[PDB]
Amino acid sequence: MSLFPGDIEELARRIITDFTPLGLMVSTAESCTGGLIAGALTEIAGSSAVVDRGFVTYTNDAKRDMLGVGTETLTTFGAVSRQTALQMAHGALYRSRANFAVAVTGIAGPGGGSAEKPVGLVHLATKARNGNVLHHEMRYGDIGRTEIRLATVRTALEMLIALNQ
């Protein structure tokens, strides 16, 4: 039984396989994927060596409380912004024992879209203790709630791999 599609499962595999000999651990912070990024990473046998913790923070209160996202960041730029994603990744990294953190915030739909922030808009950020930061703004389109969530999982994993090189 494999829950995730093969690209996601392979990317998760590569991360566990790569990170273990390097002694590297990961933390996740999720606000649209609902735990699926941690879920995908932990599908892999041996993932206990690598996965530290995950923060599932749909609510803006949870983003502030669990990850230290600023109240004014949220009120000025919204939950779904570059600024929020960066602060989420910073919080997930420093509030964990991980070497790398990836954070995502987006609109999976069907609800919650607008001209300015459409369904499928997702901001992703990854940060390393060495200081390296990567951010991408993705606009997946109105392609379905599960579809956007899985698209986001794949991008998050790709970013962890990239960060590591």
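The numbering used is simple: start at 1 and walk along the sequence shown.
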Of 96-104 vs 57-65, the stretch with the larger average CA B-factor in the entry is 57-65
May I ask you to compare 132-140 and 109-117 by their mean CA B factor in the entry and name the higher one?
109-117
Per the deposited B-factor column, the C-alpha that peaks among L22, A151, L11, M25 belongs to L22
Going by the recorded CA B-factors, say which third of the chain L124 sits in, lowest, middle or highest.
lowest
Splitting the chain's C-alpha B-factors into thirds, which one does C32 fall into?
highest
